[PDB]
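K.L.:
Next comes upload.cif, mmCIF, C-alpha atoms and all ligand atoms:
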data_query
loop_
_atom_site.label_atom_id
_atom_site.label_comp_id
_atom_site.auth_asym_id
_atom_site.auth_seq_id
_atom_site.Cartn_x
_atom_site.Cartn_y
_atom_site.Cartn_z
CA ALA A 4 -13.30 -62.34 -256.49
CA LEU A 5 -14.91 -65.77 -256.51
CA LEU A 6 -13.53 -66.70 -253.12
CA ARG A 7 -15.37 -63.82 -251.54
CA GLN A 8 -18.48 -64.40 -253.62
CA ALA A 9 -18.36 -68.07 -252.73
CA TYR A 10 -17.92 -67.23 -249.07
CA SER A 11 -20.79 -64.75 -248.98
CA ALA A 12 -23.21 -66.71 -251.11
CA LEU A 13 -22.36 -70.31 -250.20
CA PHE A 14 -20.19 -70.87 -247.14
CA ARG A 15 -21.38 -68.20 -244.72
CA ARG A 16 -24.85 -69.46 -243.87
CA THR A 17 -24.71 -73.08 -242.66
CA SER A 18 -27.94 -73.67 -244.60
CA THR A 19 -26.47 -72.57 -247.91
CA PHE A 20 -23.32 -74.49 -247.09
CA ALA A 21 -25.29 -77.76 -246.95
CA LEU A 22 -27.19 -76.82 -250.05
CA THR A 23 -23.84 -76.30 -251.81
CA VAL A 24 -22.65 -79.73 -250.68
CA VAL A 25 -25.78 -81.52 -251.93
CA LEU A 26 -26.08 -79.70 -255.22
CA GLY A 27 -22.29 -79.97 -255.38
CA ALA A 28 -22.40 -83.71 -254.99
CA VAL A 29 -25.15 -84.17 -257.59
CA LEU A 30 -23.05 -82.35 -260.18
CA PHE A 31 -19.81 -83.98 -259.07
CA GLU A 32 -21.28 -87.45 -259.51
CA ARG A 33 -22.60 -86.87 -263.02
CA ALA A 34 -19.28 -85.39 -264.08
CA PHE A 35 -16.92 -87.70 -262.20
CA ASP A 36 -18.58 -90.88 -263.44
CA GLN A 37 -18.69 -89.82 -267.07
CA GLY A 38 -15.02 -89.00 -266.92
CA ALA A 39 -13.96 -92.18 -265.13
CA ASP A 40 -15.90 -94.40 -267.49
CA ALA A 41 -14.54 -92.38 -270.40
CA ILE A 42 -10.98 -92.88 -269.16
CA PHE A 43 -11.49 -96.55 -268.50
CA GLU A 44 -12.88 -97.30 -271.94
CA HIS A 45 -10.23 -95.31 -273.75
CA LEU A 46 -7.58 -97.28 -271.92
CA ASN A 47 -9.34 -100.41 -273.17
CA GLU A 48 -10.16 -99.73 -276.82
CA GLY A 49 -11.81 -102.57 -278.67
CA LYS A 50 -11.66 -104.95 -275.73
CA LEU A 51 -15.08 -104.36 -274.23
CA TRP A 52 -18.32 -105.86 -275.44
CA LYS A 53 -19.47 -102.31 -275.99
CA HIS A 54 -16.76 -102.28 -278.69
CA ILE A 55 -17.12 -105.65 -280.39
CA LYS A 56 -20.88 -105.92 -279.93
CA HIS A 57 -21.70 -104.76 -283.48
CA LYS A 58 -20.17 -107.86 -285.06
CA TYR A 59 -23.00 -110.08 -283.80
CA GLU A 60 -25.50 -107.37 -282.96
CA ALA A 61 -27.92 -107.84 -285.90
CA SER A 62 -25.17 -108.71 -288.42
CA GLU A 63 -25.13 -112.53 -288.40
CA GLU A 64 -27.30 -115.45 -289.60
CA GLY B 10 39.56 -94.28 -214.05
CA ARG B 11 37.01 -92.01 -215.72
CA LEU B 12 35.30 -94.89 -217.52
CA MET B 13 32.02 -94.81 -215.60
CA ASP B 14 31.94 -91.08 -216.25
CA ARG B 15 32.60 -91.52 -219.98
CA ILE B 16 29.74 -93.99 -220.23
CA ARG B 17 27.24 -91.91 -218.31
CA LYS B 18 27.94 -88.76 -220.22
CA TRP B 19 27.63 -90.91 -223.33
CA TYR B 20 24.29 -92.42 -222.38
CA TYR B 21 23.10 -89.01 -221.30
CA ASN B 22 23.64 -87.75 -224.81
CA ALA B 23 22.33 -90.85 -226.44
CA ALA B 24 19.08 -90.55 -224.44
CA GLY B 25 18.49 -87.10 -225.84
CA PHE B 26 15.93 -85.60 -223.48
CA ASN B 27 18.33 -82.73 -223.11
CA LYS B 28 17.32 -81.78 -226.67
CA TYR B 29 13.86 -80.95 -225.33
CA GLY B 30 15.43 -78.86 -222.57
CA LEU B 31 14.45 -81.46 -219.95
CA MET B 32 16.34 -82.47 -216.83
CA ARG B 33 16.90 -86.13 -216.15
CA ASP B 34 14.40 -85.89 -213.24
CA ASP B 35 11.85 -84.28 -215.56
CA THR B 36 11.68 -87.58 -217.42
CA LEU B 37 10.78 -89.81 -214.46
CA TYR B 38 7.67 -91.98 -214.71
CA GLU B 39 5.32 -90.65 -212.05
CA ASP B 40 4.64 -93.67 -209.88
CA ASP B 41 3.63 -93.23 -206.21
CA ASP B 42 7.02 -92.31 -204.74
CA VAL B 43 7.68 -89.80 -207.49
CA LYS B 44 4.23 -88.29 -207.00
CA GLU B 45 4.88 -87.74 -203.30
CA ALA B 46 8.32 -86.23 -203.96
CA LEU B 47 6.83 -83.76 -206.42
CA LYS B 48 4.40 -82.53 -203.74
CA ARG B 49 7.40 -81.66 -201.59
CA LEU B 50 9.23 -79.57 -204.16
CA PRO B 51 9.49 -75.87 -203.33
CA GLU B 52 7.18 -73.70 -205.47
CA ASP B 53 9.89 -72.27 -207.74
CA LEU B 54 11.41 -75.67 -208.60
CA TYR B 55 7.93 -77.06 -209.25
CA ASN B 56 6.97 -74.26 -211.64
CA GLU B 57 10.28 -74.52 -213.52
CA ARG B 58 9.70 -78.23 -213.95
CA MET B 59 6.17 -77.57 -215.14
CA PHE B 60 7.29 -75.07 -217.77
CA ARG B 61 10.08 -77.35 -218.96
CA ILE B 62 7.65 -80.20 -219.33
CA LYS B 63 4.96 -78.14 -221.02
CA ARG B 64 7.63 -76.77 -223.33
CA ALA B 65 8.74 -80.33 -224.21
CA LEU B 66 5.17 -81.43 -224.98
CA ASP B 67 4.80 -78.49 -227.34
CA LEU B 68 8.07 -79.35 -229.12
CA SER B 69 6.92 -82.95 -229.26
CA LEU B 70 3.64 -82.07 -230.97
CA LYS B 71 5.51 -79.79 -233.36
CA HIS B 72 8.07 -82.49 -234.18
CA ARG B 73 10.93 -80.09 -233.39
CA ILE B 74 13.56 -79.86 -230.69
CA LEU B 75 15.43 -76.98 -229.14
CA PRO B 76 18.34 -75.32 -230.98
CA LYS B 77 21.63 -77.01 -230.08
CA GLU B 78 22.60 -73.98 -227.93
CA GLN B 79 19.69 -74.55 -225.57
CA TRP B 80 20.37 -78.21 -224.89
CA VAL B 81 20.94 -79.17 -221.27
CA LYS B 82 24.59 -80.10 -220.85
CA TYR B 83 25.44 -83.32 -219.00
CA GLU B 84 27.28 -81.53 -216.21
CA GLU B 85 24.69 -78.78 -215.83
CA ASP B 86 21.73 -81.13 -215.29
CA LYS B 87 20.23 -80.37 -211.89
CA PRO B 88 19.04 -83.52 -210.03
CA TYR B 89 16.41 -81.41 -208.27
CA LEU B 90 14.14 -84.31 -207.25
CA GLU B 91 16.50 -87.21 -206.49
CA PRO B 92 17.02 -85.85 -202.94
CA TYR B 93 13.31 -85.74 -202.08
CA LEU B 94 12.60 -89.01 -203.80
CA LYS B 95 15.29 -90.85 -201.83
CA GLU B 96 13.77 -89.56 -198.60
CA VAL B 97 10.24 -90.57 -199.64
CA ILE B 98 11.50 -94.09 -200.34
CA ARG B 99 13.45 -94.22 -197.08
CA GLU B 100 10.25 -93.38 -195.17
CA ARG B 101 8.23 -95.94 -197.10
CA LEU B 102 10.73 -98.72 -196.40
CA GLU B 103 10.77 -97.74 -192.70
CA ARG B 104 6.97 -98.09 -192.47
CA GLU B 105 6.97 -101.28 -194.51
CA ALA B 106 9.66 -102.80 -192.32
CA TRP B 107 7.91 -101.63 -189.16
CA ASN B 108 4.48 -102.94 -190.15
CA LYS B 109 5.97 -106.41 -190.58
CA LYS B 110 7.56 -106.47 -187.12
CA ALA C 194 -12.98 -117.34 -262.31
CA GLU C 195 -13.92 -113.70 -261.87
CA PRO C 196 -16.66 -112.19 -264.02
CA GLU C 197 -16.36 -109.05 -261.93
CA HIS C 198 -12.83 -108.52 -263.28
CA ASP C 199 -13.67 -105.47 -265.47
CA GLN C 200 -16.10 -103.86 -263.06
CA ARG C 201 -13.55 -104.39 -260.29
CA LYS C 202 -10.88 -102.45 -262.10
CA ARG C 203 -13.21 -99.71 -263.27
CA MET C 204 -14.06 -99.34 -259.59
CA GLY C 205 -10.39 -99.36 -258.66
CA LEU C 206 -9.86 -96.37 -260.93
CA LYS C 207 -12.64 -94.43 -259.24
CA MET C 208 -11.36 -95.42 -255.78
CA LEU C 209 -7.92 -93.99 -256.60
CA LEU C 210 -9.05 -90.62 -257.95
CA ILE C 211 -11.48 -90.05 -255.08
CA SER C 212 -8.83 -91.30 -252.68
CA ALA C 213 -6.27 -88.87 -254.05
CA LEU C 214 -8.77 -85.98 -253.95
CA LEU C 215 -10.27 -86.72 -250.55
CA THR C 216 -6.93 -87.42 -248.88
CA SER C 217 -5.39 -84.13 -250.00
CA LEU C 218 -8.52 -82.24 -248.94
CA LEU C 219 -8.50 -83.86 -245.50
CA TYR C 220 -4.78 -83.28 -245.14
CA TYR C 221 -5.31 -79.54 -245.61
CA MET C 222 -8.16 -79.51 -243.09
CA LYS C 223 -6.17 -81.35 -240.45
CA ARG C 224 -3.30 -78.94 -241.02
CA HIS C 225 -5.60 -75.93 -240.95
CA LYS C 226 -7.04 -76.84 -237.55
CA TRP C 227 -3.69 -77.83 -236.08
CA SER C 228 -2.00 -74.64 -237.32
CA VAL C 229 -3.23 -73.07 -234.06
CA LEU C 230 -1.04 -75.43 -232.04
CA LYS C 231 1.75 -75.77 -234.57
CA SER C 232 2.59 -72.06 -234.61
CA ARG C 233 1.68 -71.50 -230.96
CA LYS C 234 4.35 -69.75 -228.87
CA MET C 235 4.74 -69.75 -225.09
CA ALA C 236 6.92 -68.12 -222.40
CA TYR C 237 7.74 -68.57 -218.74
CA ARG C 238 7.28 -65.29 -216.86
CA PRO C 239 7.86 -65.80 -213.10
CA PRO C 240 7.58 -62.82 -210.70
CA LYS C 241 11.32 -63.48 -210.31
CA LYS D 224 2.82 -28.62 -241.47
CA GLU D 225 2.02 -27.07 -238.10
CA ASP D 226 -1.75 -26.80 -238.59
CA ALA D 227 -2.35 -30.07 -240.42
CA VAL D 228 -3.83 -32.84 -238.22
CA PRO D 229 -1.74 -36.03 -238.86
CA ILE D 230 -3.46 -39.21 -240.04
CA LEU D 231 -2.27 -42.27 -238.10
CA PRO D 232 -1.13 -45.46 -239.83
CA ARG D 233 -3.93 -48.03 -239.61
CA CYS D 234 -3.80 -50.79 -236.99
CA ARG D 235 -4.32 -54.34 -238.26
CA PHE D 236 -6.64 -56.53 -236.24
CA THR D 237 -5.84 -60.18 -235.56
CA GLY D 238 -8.09 -63.04 -234.55
CA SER D 239 -5.90 -64.62 -231.88
CA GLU D 240 -5.51 -65.33 -228.20
CA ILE D 241 -3.14 -64.76 -225.33
CA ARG D 242 -3.42 -66.97 -222.25
CA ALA D 243 -1.70 -65.84 -219.09
CA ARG D 244 -2.16 -68.62 -216.61
CA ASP D 245 -1.75 -68.42 -212.88
CA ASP D 246 -3.70 -71.04 -211.01
CA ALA D 247 -2.69 -69.21 -207.85
CA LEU D 248 -5.13 -66.41 -208.72
CA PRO D 249 -8.59 -66.81 -207.05
CA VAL D 250 -10.73 -66.08 -210.10
CA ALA D 251 -10.20 -65.97 -213.84
CA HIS D 252 -10.78 -63.05 -216.22
CA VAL D 253 -11.68 -63.57 -219.85
CA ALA D 254 -12.31 -61.03 -222.61
CA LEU D 255 -13.40 -61.79 -226.15
CA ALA D 256 -13.86 -59.27 -228.96
CA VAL D 257 -14.14 -58.73 -232.69
CA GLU D 258 -13.05 -55.63 -234.60
CA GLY D 259 -15.36 -52.60 -234.31
CA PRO D 260 -16.00 -49.93 -237.00
CA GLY D 261 -14.54 -46.82 -235.35
CA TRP D 262 -16.08 -43.54 -234.12
CA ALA D 263 -17.39 -42.20 -237.39
CA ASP D 264 -19.57 -45.20 -238.33
CA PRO D 265 -23.34 -45.04 -237.57
CA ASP D 266 -23.55 -48.77 -236.93
CA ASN D 267 -21.97 -48.00 -233.56
CA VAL D 268 -25.45 -46.85 -232.58
CA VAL D 269 -26.80 -50.32 -233.36
CA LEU D 270 -23.85 -52.09 -231.70
CA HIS D 271 -24.53 -50.14 -228.50
CA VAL D 272 -28.20 -51.09 -228.73
CA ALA D 273 -27.05 -54.68 -229.14
CA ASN D 274 -24.80 -54.47 -226.11
CA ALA D 275 -27.79 -53.19 -224.14
CA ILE D 276 -29.73 -56.37 -224.91
CA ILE D 277 -27.00 -58.55 -223.40
CA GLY D 278 -26.04 -55.87 -220.89
CA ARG D 279 -24.14 -56.63 -217.73
CA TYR D 280 -24.21 -58.28 -214.34
CA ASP D 281 -22.50 -58.62 -211.00
CA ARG D 282 -23.39 -60.61 -207.85
CA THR D 283 -24.96 -57.56 -206.22
CA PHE D 284 -27.65 -56.92 -208.79
CA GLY D 285 -30.76 -57.42 -206.67
CA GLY D 286 -32.84 -58.21 -209.72
CA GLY D 287 -31.22 -61.64 -209.65
CA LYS D 288 -32.90 -64.43 -211.58
CA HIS D 289 -35.54 -62.05 -212.95
CA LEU D 290 -33.20 -59.76 -214.85
CA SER D 291 -34.24 -59.22 -218.47
CA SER D 292 -30.73 -60.03 -219.76
CA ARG D 293 -30.74 -63.70 -220.65
CA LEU D 294 -27.02 -64.02 -219.99
CA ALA D 295 -27.57 -62.39 -216.60
CA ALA D 296 -30.39 -64.83 -215.82
CA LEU D 297 -28.32 -67.88 -216.75
CA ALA D 298 -25.43 -66.43 -214.81
CA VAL D 299 -27.70 -66.33 -211.75
CA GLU D 300 -29.47 -69.68 -212.33
CA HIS D 301 -26.20 -71.52 -212.85
CA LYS D 302 -23.78 -69.42 -210.80
CA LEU D 303 -21.83 -68.82 -214.02
CA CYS D 304 -19.69 -65.87 -212.93
CA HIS D 305 -18.97 -63.11 -210.46
CA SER D 306 -19.65 -60.50 -213.18
CA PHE D 307 -19.65 -59.72 -216.88
CA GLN D 308 -19.81 -56.67 -219.14
CA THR D 309 -20.29 -55.95 -222.80
CA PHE D 310 -18.42 -53.09 -224.46
CA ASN D 311 -18.02 -51.25 -227.71
CA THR D 312 -14.76 -49.42 -227.43
CA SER D 313 -14.26 -47.05 -230.35
CA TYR D 314 -11.20 -45.48 -231.92
CA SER D 315 -10.70 -43.27 -234.98
CA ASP D 316 -10.22 -46.03 -237.60
CA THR D 317 -11.17 -49.13 -235.60
CA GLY D 318 -12.36 -50.51 -232.26
CA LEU D 319 -13.14 -53.53 -230.09
CA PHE D 320 -16.59 -55.06 -229.71
CA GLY D 321 -16.74 -57.79 -227.11
CA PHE D 322 -17.30 -58.86 -223.53
CA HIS D 323 -15.38 -59.63 -220.36
CA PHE D 324 -16.34 -61.80 -217.42
CA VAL D 325 -14.90 -62.90 -214.10
CA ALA D 326 -15.65 -66.46 -213.04
CA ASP D 327 -14.47 -69.25 -210.80
CA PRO D 328 -12.02 -71.69 -212.42
CA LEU D 329 -14.74 -74.34 -212.74
CA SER D 330 -17.46 -72.29 -214.41
CA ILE D 331 -15.46 -70.58 -217.14
CA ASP D 332 -16.50 -73.03 -219.77
CA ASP D 333 -20.23 -72.79 -219.21
CA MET D 334 -20.05 -68.99 -218.96
CA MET D 335 -18.22 -68.70 -222.29
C1 LIG A 401 -12.24 -93.43 -250.45
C2 LIG A 401 -13.66 -93.51 -250.93
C3 LIG A 401 -13.67 -94.36 -252.20
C4 LIG A 401 -15.09 -94.49 -252.74
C5 LIG A 401 -15.11 -94.78 -254.24
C6 LIG A 401 -16.53 -94.90 -254.78
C7 LIG A 401 -16.50 -95.35 -256.22
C8 LIG A 401 -17.40 -96.57 -256.46
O1 LIG A 401 -18.21 -96.38 -257.66
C9 LIG A 401 -18.76 -97.52 -258.28
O2 LIG A 401 -18.17 -97.67 -259.61
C10 LIG A 401 -18.67 -98.85 -260.33
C11 LIG A 401 -17.97 -98.91 -261.69
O3 LIG A 401 -18.37 -97.82 -262.53
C12 LIG A 401 -20.22 -98.80 -260.47
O4 LIG A 401 -20.69 -99.99 -261.15
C13 LIG A 401 -20.86 -98.69 -259.08
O5 LIG A 401 -22.28 -98.63 -259.19
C14 LIG A 401 -20.33 -97.44 -258.38
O6 LIG A 401 -20.94 -97.33 -257.09
#
Any chance you could put this one into structure tokens?
Ligand SMILES: CCCCCCCCO[C@@H]1O[C@H](CO)[C@@H](O)[C@H](O)[C@H]1O
P.N.:
Amino acid sequence: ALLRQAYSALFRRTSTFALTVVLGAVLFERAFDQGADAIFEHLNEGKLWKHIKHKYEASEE
Amino acid sequence: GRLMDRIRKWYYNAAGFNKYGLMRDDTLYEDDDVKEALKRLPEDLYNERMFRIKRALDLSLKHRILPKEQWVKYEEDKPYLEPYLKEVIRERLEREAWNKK
Amino acid sequence: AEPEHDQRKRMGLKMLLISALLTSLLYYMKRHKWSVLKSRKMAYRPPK
Amino acid sequence: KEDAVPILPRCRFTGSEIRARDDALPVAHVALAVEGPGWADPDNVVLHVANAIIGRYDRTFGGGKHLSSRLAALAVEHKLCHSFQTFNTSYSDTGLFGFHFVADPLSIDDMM
């Protein structure tokens, strides 16, 4: 039972609760950003400089 | 004929405080006269008013009303305060008039 | 006219997701706390 | 059937409150408690020890402000209540561990 494990290990002691928020945030940020950016770029295939960059990036003159 | 009575009973239902189980007098804005009148109410009438009001505040926070069966009916609404209030105002006007003379 | 155009929208996307997540979460919490009053029952018991 | 001792259906505990209000009463009574383990459990020995630390009080305890019980001291220093008691009421499969105090309408909050 994760809910109970979570409760006992993370949410019971106010100290561990804060620790869970901080460490929780650090991991949420890394994940959430990667996903958002990923979604944004997919919805904009070949429109961003990231996408057309190669055409002039060391392949001209 | 019974026109004034048709209107009143109509307004009474349109107002809708009876859906909270409140008496017309329960809904009065408590200015000075009303505050004095309330202090004169017998204990039982005062506690009944208090429960009714508390009950209405609880319905209000819940966003519910009483079941249709429990609604106060126009003709069963007891004007428990109007008598006291009229006296309180009569006294006030006496003093006001007298302090001018 | 608006170089920020792309960054602005990328931000908009993030604002929506977080907004959806955070709003739901807070809705539950408000409800949780208020449950005490929402389900509360009372009675008038005079010595009658 | 006759010489078998019947096992009672367990009683479910509920975190909740009941407020019976009568401003006409001179002083208020308040009792708060969590679920206890029940006769058989050894922890009851510790709970009782625990209750001894907090203990009890009443306006006639001569010890007054020098009582070892912190709650008793505060009660005296701040006129927090007329009295208070801790308890560990046991039952077969459950119990109540809490406290009860009697205080004047305007000191209930600080006492609690
Ligand atoms: C309701 C609370 C909404 C807060 C939303 C925070 C999201 C903002 O996130 C922003 O996204 C940009 C685009 O990737 C980045 O360039 C910024 O550095 C970053 O802070």
K.L.:
How would you write, as a ChimeraX atom specification, the set of residues no farther than 10 Å from ligand LIG 401 (chain A) when counting only C-alpha atoms and all ligand atoms?
P.N.:
/A:32,35-37,39-40,43 /C:199-216
K.L.:
What is the distance between atom CA of residue B:54 and atom CA of residue B:34, in Å to one decimal?
P.N.:
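Those two atoms sit 11.6 Å apart.
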K.L.:
In Å, with one decimal, what is the gap from atom CA of residue B:19 to atom CA of residue B:60?
P.N.:
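Distance reported for this atom pair: 26.4 Å.
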K.L.:
Taking all atoms listed in the file into account, which residues of chain B are within 9 Å of chain C, as a list in words?
P.N.:
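Contact residues on the first chain: residues 53, 56, 57, 60, 64, 67, 70 and 71 of chain B.
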K.L.:
When you look at residue D:314 with a cut-off of 7 Å (counting all atoms listed in the file), what residues show up, excluding the ones that are within fewer than 2 positions of it in the same chain? I need them as a list in words.
P.N.:
residues 261, 262, 312, 316, 317 and 318 of chain D
K.L.:
Select, counting all atoms listed in the file, all protein, DNA and RNA residues no farther than 7 Å from (-15.5, -103.9, -270.7) in file coordinates, and express the selection as a PyMOL selection string.
P.N.:
(chain A and resi 50-53) or (chain C and resi 199)
K.L.:
Give as a list in words every residue of chain D that touches chain B within 12 Å, counting only C-alpha atoms.
P.N.:
residues 244, 245, 246 and 247 of chain D
K.L.:
Within 12 Å of residue A:13, counting only C-alpha atoms, which residues qualify if same-chain residues fewer than 4 places away don't, as a PyMOL selection string?
P.N.:
chain A and resi 5-9+17-27
K.L.:
Quick one: write out the picked residues with C-alpha atoms as an mmCIF file, keeping the file's coordinate frame?
P.N.:
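Produced file part22.cif, reproduced below:
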data_model
loop_
_atom_site.group_PDB
_atom_site.id
_atom_site.type_symbol
_atom_site.label_atom_id
_atom_site.label_comp_id
_atom_site.auth_asym_id
_atom_site.auth_seq_id
_atom_site.Cartn_x
_atom_site.Cartn_y
_atom_site.Cartn_z
ATOM 1 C CA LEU A 5 -14.910 -65.770 -256.510
ATOM 2 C CA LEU A 6 -13.530 -66.700 -253.120
ATOM 3 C CA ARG A 7 -15.370 -63.820 -251.540
ATOM 4 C CA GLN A 8 -18.480 -64.400 -253.620
ATOM 5 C CA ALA A 9 -18.360 -68.070 -252.730
ATOM 6 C CA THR A 17 -24.710 -73.080 -242.660
ATOM 7 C CA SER A 18 -27.940 -73.670 -244.600
ATOM 8 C CA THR A 19 -26.470 -72.570 -247.910
ATOM 9 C CA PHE A 20 -23.320 -74.490 -247.090
ATOM 10 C CA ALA A 21 -25.290 -77.760 -246.950
ATOM 11 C CA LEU A 22 -27.190 -76.820 -250.050
ATOM 12 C CA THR A 23 -23.840 -76.300 -251.810
ATOM 13 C CA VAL A 24 -22.650 -79.730 -250.680
ATOM 14 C CA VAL A 25 -25.780 -81.520 -251.930
ATOM 15 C CA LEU A 26 -26.080 -79.700 -255.220
ATOM 16 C CA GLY A 27 -22.290 -79.970 -255.380
#
K.L.:
Rounded to one decimal place, report the atom CA of residue D:326-atom CA of residue D:251 distance in Å.
P.N.:
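Interatomic distance here is 5.5 Å.
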K.L.:
Please work out which residues fall within 12 Å of (16.7, -87.5, -224.5), coordinates as given in the file, with all atoms listed in the file counting, and return them as a ChimeraX atom specification.
P.N.:
/B:19-37,65,69,74-75,80-83
K.L.:
Hey, what's within 10 Å of residue D:286 if we count only C-alpha atoms and toss same-chain stuff fewer than 4 positions away? As a PyMOL selection string, please?
P.N.:
chain D and resi 280+282+290-291+295-296+299
K.L.:
Select, as a PDB file with C-alpha atoms, keeping the file's coordinate frame, those residues of chain D with any atom no more than 12 Å from chain C (distances computed using all atoms listed in the file).
P.N.:
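The new file selection.pdb reads:
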ATOM      1  CA  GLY D 238      -8.090 -63.040-234.550  1.00  0.00           C
ATOM      2  CA  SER D 239      -5.900 -64.620-231.880  1.00  0.00           C
ATOM      3  CA  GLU D 240      -5.510 -65.330-228.200  1.00  0.00           C
ATOM      4  CA  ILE D 241      -3.140 -64.760-225.330  1.00  0.00           C
ATOM      5  CA  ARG D 242      -3.420 -66.970-222.250  1.00  0.00           C
ATOM      6  CA  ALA D 243      -1.700 -65.840-219.090  1.00  0.00           C
ATOM      7  CA  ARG D 244      -2.160 -68.620-216.610  1.00  0.00           C
ATOM      8  CA  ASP D 245      -1.750 -68.420-212.880  1.00  0.00           C
TER       9      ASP D 245
END
